[PDB]
Amino acid sequence: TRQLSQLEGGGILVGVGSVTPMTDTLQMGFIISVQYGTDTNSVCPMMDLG
Amino acid sequence: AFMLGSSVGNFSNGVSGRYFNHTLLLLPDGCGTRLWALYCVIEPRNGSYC
């Protein structure tokens, strides 16, 4: 619970967030996103085109 | 000169305008010849009139 200087209410969480035991190997999530035309398309793959 | 930050609250005595986390500071400097961009945590010093 916080309710410190909210000036709009209480602010609670029972963030139980089941703390499920770590697996044998680490697992990760990735959220990729790309943009076009908002700049020069300067994020390019490695090459030796010349 | 600007002070941007996510969370805001009262100071110790009660005057508003304190940011309680990483705060963005846009301070022009060098007699108007340089712009500072800081993303820091600002701790109110306990000195007199501070």
Side-chain angles (χ1 to χ4, degrees):
Chain A
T1 52
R2 210 173 79 171
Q3 213 277 311
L4 293 178
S5 178
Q6 288 287 108
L7 66 89
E8 57 258 4
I12 62 170
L13 80 167
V14 59
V16 303
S18 289
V19 293
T20 61
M22 185 63 72
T23 66
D24 273 348
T25 58
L26 176 65
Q27 294 155 14
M28 293 177 71
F30 299 90
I31 309 293
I32 304 308
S33 180
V34 296
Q35 275 182 351
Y36 298 92
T38 306
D39 202 10
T40 73
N41 271 23
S42 309
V43 176
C44 284
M46 287 288 219
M47 271 163 220
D48 198 1
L49 299 195
Chain B
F2 295 114
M3 185 180 288
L4 293 80
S6 300
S7 181
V8 72
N10 280 332
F11 273 108
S12 300
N13 61 7
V15 55
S16 286
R18 181 177 173 183
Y19 295 73
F20 308 118
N21 292 120
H22 276 87
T23 294
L24 189 64
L25 296 173
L26 304 149
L27 314 182
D29 191 358
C31 308
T33 61
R34 183 177 291 176
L35 184 59
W36 288 115
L38 282 72
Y39 198 46
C40 295
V41 171
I42 53 169
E43 174 70 30
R45 319 193 56 260
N46 312 284
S48 164
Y49 268 79
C50 297

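A note on names: the letters A, B, ... follow the listed sequences, proteins ahead of strands, and every chain is numbered from 1. Values reported hereafter were calculated over all heavy atoms of this structure, with side chains retained and with hydrogens, waters and symmetry mates removed.
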Item to complete: Report whether B:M3 and B:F20 are members of the same hydrophobic cluster (ILVMFWY, side-chain heavy atoms less than 4.5 Å apart, transitive linking).
Response: no
Worksheet item: Looking only at atom types and distance, does a side-chain atom of A:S18 sit under 3.5 Å from a main-chain N or O of A:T20, one as donor and one as acceptor?
Response: no
Worksheet, complete the sentence: Rounded to the nearest 0.5 Å, the CD1 atom of B:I42 sits from the CG atom of B:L25 at a distance of 6.0 Å
Item to complete: Please name the pair of heavy atoms, one in B:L26 and one in B:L35, separated by the smallest distance, quoted to 0.1 Å.
Response: C-CD1, 4.3 Å
Worksheet item: If you round to the nearest 0.5 Å, how far is CG of B:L38 from CG of B:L27?
Response: 6.5 Å
Response to the item:
In terms of heavy-atom contacts, B:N13 and B:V15 come closest through OD1-N, 3.0 Å
Response to the item:
All heavy atoms of B:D29 vs all of B:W36, minimum pair found to be OD2-NE1, 2.8 Å
Practice prompt. Specify the closest pair of heavy atoms between A:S5 and B:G9, including all atoms of both residues, with the distance to one decimal.
Written response: OG-CA, 3.6 Å
Discussion item. Under a plain distance cut-off of 3.5 Å, with no hydrogens placed, do B:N10 and B:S16 share a side-chain donor-acceptor pair?
Written reply: yes
Worksheet item: Is B:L4 atom CG crowded by more than 12 heavy atoms from other residues, nucleotides or ligands, each under 6.0 Å away?
Response: yes
Worksheet item: Taking atom CG of B:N46 as the centre, does the number of heavy atoms from other residues, nucleotides or ligands within less than 6.0 Å exceed 12?
Response: no
Worksheet item: Which pair of heavy atoms, one from A:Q3 and one from A:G9, lies closest together, and at what distance?
Response: CG-O, 3.3 Å
Worksheet item: Can you tell me how far the CD atom of B:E43 sits from the SG atom of B:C50, to the nearest 0.5 Å?
Response: 12.0 Å
Practice prompt. Kindly compute the distance separating CZ (A:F30) from CD1 (A:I32), expressed to the nearest 0.5 Å.
Written response: 7.5 Å
Item to complete: Nearest 0.5 Å please: distance from the OG atom of B:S7 over to the CZ atom of B:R18.
Response: 10.0 Å
